[PDB]
């Protein structure tokens, strides 16, 4: 069946793990010798991805329509890092909000992060409906949630909100609160969360990994199509490093065979017309003409690694100038702390403003790492590509 990656988000102690466990138990009830229990998921593995350690539980379960890869994390820190470091792909989120607590600070942070990483669809599970002494408490929280969703870019009025008790469901009790709510939840997830797509419909985008030439045929740029479809003869535009080159792809090569087309995910060699090897370089991005434009200024959510993770031992102030690695390029940039913030502490995550020396393909949602010296000092997510201020372009380098 179609595969979908989802995850429970929401403030600590609201029931994310209980829901996840209840889901695995309910769906694995149609016969099953082994399925992850609460405790087994509450204490999840530690995945060291690029020096950063994040405790995350990954369970799999299937509905009558889709196979799901579900991640649940023990603490808020795991979510922040995980969502910013783009370790676990995500097509949709199950926002768990304990009825008796209502949206909490982490509830909002996760929503922001889910929005910023590209999640456009969320399903809300108002958990702990068993511990509620007022049905008034429920109707009120749903309203607050829909407004919260809209506040964070989601269609609050369209978002499915299921009310129930993940606990009752996990301990197979009071079906109207437990089992039923979870079924209603899974149904909402099957219908509201879109199935992943290789985004073949978006303008092709190919980060140039390398360049080479074949005597007698021309210059070839290699790379993996991150999205769209590249067709032989298609017009292309290379962007980055303060340059814009418009030409045509006269040939596509994969597995030593000439092809008429390549699609997102294909590692290919694109033969381009007229251009010579010195005209191109790793770092440029070949895209459908006019589909994207380089950005030199960006706002990004950035996790600053701790010394343990191999990052900085001390904080840094505005105008700190590490080198940003994103896609296949690397570019020097200047970090600008938010108003107030005088120091950027290691282990801390914040919304930073980054200005690259030269405009590069830096799309919203695009991930990057910051390196100073030979170590990674931060990992981030582009959240906005604000307009370069008059003072910004008057920056020194």
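Residue numbers count along the first chain shown, from 1.
- For the pair 388 to 396 and 3 to 11, the record assigns the higher mean C-alpha temperature factor to 388 to 396.
- When the two stretches 356 to 364 and 51 to 59 are set side by side, the higher mean Cα temperature factor goes to 51 to 59.
- When the C-alpha B-factors of 85, 291, 224, 219 are ranked from the entry, the top spot goes to 85.
- Within the group 285, 132, 230, 270, the record's highest C-alpha temperature factor is found at 132.
- Per the PDB record, residue ranking by Cα B-factor puts residue 200 in the lowest third of the chain.
- Residue-level temperature factors show residue 27 in the highest third of its chain, judged at the C-alpha atom.
- Among the modelled residues of the chain, residue 110 sits in the lowest third by CA temperature factor in this PDB entry.
- Sort the modelled residues of the chain by CA B factor and residue 325 lands in the lowest third.
- Per the deposited record, the Cα B-factor of residue 238 falls in the lowest third when ranked against the other modelled residues of its chain.
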